[PDB]
Amino acid sequence: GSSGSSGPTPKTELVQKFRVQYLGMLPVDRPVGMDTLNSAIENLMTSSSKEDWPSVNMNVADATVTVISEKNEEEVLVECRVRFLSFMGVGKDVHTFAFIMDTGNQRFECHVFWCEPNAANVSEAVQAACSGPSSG
């Protein structure tokens, strides 16, 4: 390592980590909507028990959503960005959070998660970042 080391700065950003479980990744056709959202969750929900879901952490910063493991603050299970997001919301139960992301090739992935006591702060912390129009 001939080259020295990078030079950090005495200033960081605000990050919000939330220990949530990882239900799994279910694809969806509609990048927007709740029905499908819930449907996705409910689908995953049934799949794999609750305890089966690995306790992960949801990092939120720089308007991004990165799912970091529990036994590793460096590991990045899933890396989602509010800029690549399409939609989301809280499933049937308030203890569930899923959002449709954009990967490319007309493909969308919905990452289901379990937040307690409710995915209100998470969804918000994530939404506050997304912050999109309603086009009503």
# chains A, B, ... in the order shown; residues from 1 in each chain; ligands from 1
$ residues_around --residues "segment 75-88 of chain A" --least-positions-apart "4" --cutoff "7 Å" --atoms "only C-alpha atoms" --output "VMD selection string"
chain A and resid 31 to 32 37 63 to 69 98 to 102 129 to 130
$ write_last_selection --atoms "N, CA, C and O atoms" --output "mmCIF file, in the first residue's frame"
data_model
loop_
_atom_site.group_PDB
_atom_site.id
_atom_site.type_symbol
_atom_site.label_atom_id
_atom_site.label_comp_id
_atom_site.auth_asym_id
_atom_site.auth_seq_id
_atom_site.Cartn_x
_atom_site.Cartn_y
_atom_site.Cartn_z
ATOM 1 N N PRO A 31 -45.034 -0.257 -10.746
ATOM 2 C CA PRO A 31 -44.042 0.436 -9.942
ATOM 3 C C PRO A 31 -44.710 1.385 -8.945
ATOM 4 O O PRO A 31 -44.038 1.988 -8.110
ATOM 5 N N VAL A 32 -46.026 1.488 -9.066
ATOM 6 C CA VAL A 32 -46.793 2.353 -8.186
ATOM 7 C C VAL A 32 -48.126 1.679 -7.850
ATOM 8 O O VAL A 32 -48.724 1.022 -8.700
ATOM 9 N N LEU A 37 -48.532 -3.654 -3.669
ATOM 10 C CA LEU A 37 -47.597 -3.552 -2.561
ATOM 11 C C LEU A 37 -47.974 -4.572 -1.486
ATOM 12 O O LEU A 37 -47.187 -5.461 -1.164
ATOM 13 N N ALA A 63 -30.305 10.683 1.042
ATOM 14 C CA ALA A 63 -31.507 10.342 0.299
ATOM 15 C C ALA A 63 -31.329 8.966 -0.347
ATOM 16 O O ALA A 63 -31.500 8.817 -1.555
ATOM 17 N N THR A 64 -30.990 7.996 0.489
ATOM 18 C CA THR A 64 -30.788 6.637 0.015
ATOM 19 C C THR A 64 -31.246 5.630 1.072
ATOM 20 O O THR A 64 -31.337 5.962 2.253
ATOM 21 N N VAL A 65 -31.523 4.420 0.609
ATOM 22 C CA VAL A 65 -31.968 3.362 1.501
ATOM 23 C C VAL A 65 -31.078 2.132 1.311
ATOM 24 O O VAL A 65 -31.227 1.397 0.337
ATOM 25 N N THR A 66 -30.171 1.946 2.259
ATOM 26 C CA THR A 66 -29.256 0.819 2.209
ATOM 27 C C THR A 66 -29.510 -0.126 3.385
ATOM 28 O O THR A 66 -29.434 0.284 4.543
ATOM 29 N N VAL A 67 -29.806 -1.373 3.049
ATOM 30 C CA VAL A 67 -30.071 -2.379 4.063
ATOM 31 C C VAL A 67 -28.748 -2.990 4.526
ATOM 32 O O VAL A 67 -28.127 -3.763 3.796
ATOM 33 N N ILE A 68 -28.353 -2.623 5.737
ATOM 34 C CA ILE A 68 -27.116 -3.126 6.307
ATOM 35 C C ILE A 68 -27.430 -4.277 7.264
ATOM 36 O O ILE A 68 -28.457 -4.265 7.940
ATOM 37 N N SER A 69 -26.526 -5.245 7.291
ATOM 38 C CA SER A 69 -26.695 -6.402 8.155
ATOM 39 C C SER A 69 -26.721 -5.961 9.620
ATOM 40 O O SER A 69 -26.562 -4.779 9.920
ATOM 41 N N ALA A 98 -42.495 -1.988 2.595
ATOM 42 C CA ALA A 98 -42.019 -2.430 1.295
ATOM 43 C C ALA A 98 -42.028 -1.248 0.324
ATOM 44 O O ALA A 98 -42.885 -0.370 0.418
ATOM 45 N N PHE A 99 -41.066 -1.263 -0.586
ATOM 46 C CA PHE A 99 -40.953 -0.202 -1.573
ATOM 47 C C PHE A 99 -40.474 -0.754 -2.918
ATOM 48 O O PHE A 99 -39.609 -1.627 -2.962
ATOM 49 N N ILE A 100 -41.058 -0.222 -3.981
ATOM 50 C CA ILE A 100 -40.702 -0.650 -5.323
ATOM 51 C C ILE A 100 -39.522 0.185 -5.824
ATOM 52 O O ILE A 100 -39.599 1.412 -5.867
ATOM 53 N N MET A 101 -38.457 -0.513 -6.191
ATOM 54 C CA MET A 101 -37.262 0.149 -6.686
ATOM 55 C C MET A 101 -37.073 -0.109 -8.182
ATOM 56 O O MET A 101 -37.703 -1.003 -8.746
ATOM 57 N N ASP A 102 -36.204 0.691 -8.784
ATOM 58 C CA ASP A 102 -35.926 0.560 -10.204
ATOM 59 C C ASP A 102 -34.472 0.127 -10.395
ATOM 60 O O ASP A 102 -33.550 0.840 -10.001
ATOM 61 N N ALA A 129 -37.149 11.386 2.186
ATOM 62 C CA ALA A 129 -36.091 11.408 1.189
ATOM 63 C C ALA A 129 -36.713 11.369 -0.208
ATOM 64 O O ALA A 129 -36.435 12.232 -1.039
ATOM 65 N N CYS A 130 -37.543 10.359 -0.424
ATOM 66 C CA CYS A 130 -38.205 10.196 -1.707
ATOM 67 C C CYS A 130 -38.957 11.490 -2.027
ATOM 68 O O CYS A 130 -38.662 12.153 -3.021
#
$ select_by_dssp --residues "chain A" --states "strand (DSSP E)" --output "PyMOL selection string"
chain A and resi 18-27+55-61+64-68+76-81+85-90+97-102+108-114
$ closest_residue --among "A:18, A:110, A:115, A:74" --to "residue 33 of chain A" --atoms "only C-alpha atoms"
A:110
$ residues_around --residues "residue 117 of chain A" --least-positions-apart "6" --cutoff "12 Å" --atoms "only C-alpha atoms" --output "list in words"
residues 18, 19, 20, 93, 94, 95, 96 and 97 of chain A
$ closest_residue --among "A:25, A:15, A:107, A:125" --to "residue 62 of chain A" --atoms "only C-alpha atoms"
A:15
$ atom_distance --atom1 "atom CA of residue 114 of chain A" --atom2 "atom CA of residue 46 of chain A"
13.1 Å
$ closest_residue --among "A:34, A:22, A:43, A:123" --to "residue 111 of chain A" --atoms "only C-alpha atoms"
A:22
$ residues_around --residues "residue 38 of chain A" --least-positions-apart "3" --cutoff "9 Å" --atoms "only C-alpha atoms" --output "PyMOL selection string"
chain A and resi 34-35+41-43+89-92+98
$ select_by_dssp --residues "chain A" --states "helix (DSSP H, G or I)" --output "PyMOL selection string"
chain A and resi 35-46+120-130
$ atom_distance --atom1 "atom CA of residue 49 of chain A" --atom2 "atom CA of residue 23 of chain A"
8.6 Å
$ atom_distance --atom1 "atom CA of residue 131 of chain A" --atom2 "atom CA of residue 14 of chain A"
17.2 Å
$ closest_residue --among "A:4, A:54, A:133, A:104" --to "residue 21 of chain A" --atoms "only C-alpha atoms"
A:54
$ residues_around --residues "residue 72 of chain A" --least-positions-apart "6" --cutoff "12 Å" --atoms "only C-alpha atoms" --output "VMD selection string"
chain A and resid 55 to 57
$ closest_residue --among "A:118, A:16, A:29, A:136" --to "residue 59 of chain A" --atoms "only C-alpha atoms"
A:16
